[PDB]
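> everything below, folded, please.
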Amino acid sequence: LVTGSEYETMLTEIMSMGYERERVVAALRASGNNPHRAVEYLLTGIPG
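Numbering: from 1, shown residues only. See below for the structure:
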């Protein structure tokens, strides 16, 4: 289980690719905090 501070740095690190906070938050929820899947969803779409 990542800590809350590790979540915030994960979130900010992905935001550095040019995504707004609320989209990254939604992608990390959809990925269960796996950053690889979150970035996949931001690049090429959520499942479905």
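> which SSE is the spatially most central residue of the chain in?
Closest to where the C-alpha atoms of the chain average out (CA atoms, centre = their mean) is residue 28, at 3.7 Å. Residue 28 belongs to helix 21-30 when assigned by DSSP states H and E.
> buried set for that helix?
Using 16 or more other CB atoms under 10 Å as the test for burial, helix 21-30 gives 24, 25, 27, 28. For every residue, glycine as well, the C-beta is placed using N, CA and C.
> got it, and stretch 33-48?
Residues of stretch 33-48 classed as buried by neighbour count (16+ other CB under 10 Å): 35, 37, 38, 39, 41, 42.
> in the chain, which spans are strands?
Counting by DSSP state E, the chain yields no residue ranges for strands.
> so which elements touch the lengthiest helix in it?
In the chain, taking DSSP state H as the definition, the longest helix is helix 4-15. In this structure, helix 4-15 packs against helix 21-30, helix 35-44, with contacts taken as 3 or more CB pairs under 8 Å, 6 or more residues apart in numbering; DSSP states H and E.
> send me the last one as PDB with only the CA atoms.
Written as PDB, here are the backbone C-alpha positions of helix 35-44 (Å, rounded to 0.1, in the frame of the first residue of the first chain):
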ATOM      1  CA  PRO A  35       1.000   4.100 -12.800                       C
ATOM      2  CA  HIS A  36       1.700   2.000 -15.900                       C
ATOM      3  CA  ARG A  37      -2.000   1.300 -16.400                       C
ATOM      4  CA  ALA A  38      -2.900   4.900 -15.400                       C
ATOM      5  CA  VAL A  39      -0.600   6.300 -18.100                       C
ATOM      6  CA  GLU A  40      -1.900   3.700 -20.600                       C
ATOM      7  CA  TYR A  41      -5.400   5.000 -19.900                       C
ATOM      8  CA  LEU A  42      -4.400   8.600 -20.300                       C
ATOM      9  CA  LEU A  43      -2.600   7.900 -23.500                       C
ATOM     10  CA  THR A  44      -4.900   5.500 -25.300                       C
END
